[PDB]
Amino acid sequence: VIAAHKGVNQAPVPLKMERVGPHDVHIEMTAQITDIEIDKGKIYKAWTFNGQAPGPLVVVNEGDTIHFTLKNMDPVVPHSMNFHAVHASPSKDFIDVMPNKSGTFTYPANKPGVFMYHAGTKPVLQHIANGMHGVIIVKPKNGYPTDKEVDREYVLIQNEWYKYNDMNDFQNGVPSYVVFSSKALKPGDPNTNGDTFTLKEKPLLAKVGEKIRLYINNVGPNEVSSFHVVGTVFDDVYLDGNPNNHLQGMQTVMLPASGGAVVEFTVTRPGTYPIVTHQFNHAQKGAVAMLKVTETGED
């Protein structure tokens, strides 16, 4: 634990977003050091955006230019932001912001989909593994062909956790935990961090007969994901959330590290449905969420 991080636990700060034109959006995040309970009794003093790991959800429209400000609250470590959604010059636009400073960077989100974002400061592995990852969704101008069939939707993110700030482990060791989190799209949706237990104890909710859409991304840092919902089959899958990349009837979706998808499936009966990576060593180490399906859709 970096001497200047000892005892530091910066309270989470809300994401700030506001539209400033028909095709322009302001976003303001922080980089901050925040204690997160990743397993019961296990605190990780994470490197975060806004005190969440993964960070807060960003949603924009295809064709929006993002005017992004990062306020670095870390007392000693520089941080930066890399959005996979955007076309940008990495050496000009994804550059470091020093402690106690801010930086603003502008770039377009030209492509629909479910994109990873993460800090881009060398060593990138260190910043991602310590918690500086997240998702930005870019909504397609023309929608998805199955939009009218979807009854309910959520966002799920997979990540790993390693021994604390240990570059040897990050490079060469198996993950200690692999976890899901959910980030809110609409008021009332849960908003959680990557931990082994919250989405088991407080399942996502749905109603019998519904078609559910999940926007998913496996942020890694290191593992691929074999994404599967127990008790159903994916009716439709759009790789990276691009409407053109359309598969049907998949049992399990292969996600690379940073890989995204939009997946849709029908829940036909009441009960609790596990959501896993089917790499079962990772599932055993935390990567199981639950979907509770009731006759009403409320608990």
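Note that residue numbering follows the sequence shown and begins at 1.
Averaged over their C-alpha atoms, the temperature factors of 13 to 21 and 272 to 280 are higher for 13 to 21. Higher average CA B factor: 140 to 148, of the stretches 83 to 91 and 140 to 148. Between the residues 132, 229, 77, 116, the entry's highest C-alpha temperature factor is the one at 77.
For the set 175, 194, 220, 203, the maximum C-alpha B-factor listed in the entry falls on 203.
In this PDB entry, the Cα temperature factor of residue 225 sits in the bottom third of its chain's modelled residues, the lowest group. Sorting the modelled residues of the chain by their CA temperature factor places residue 35 in the middle third.
In the deposited entry, the Cα temperature factor of residue 185 sits in the top third of values across the chain's modelled residues. When the modelled residues of the chain are ordered by C-alpha B-factor, residue 96 sits in the highest third. For residue 160, the recorded CA B-factor ranks within the lowest third of the chain. Only modelled residues enter the ranking.
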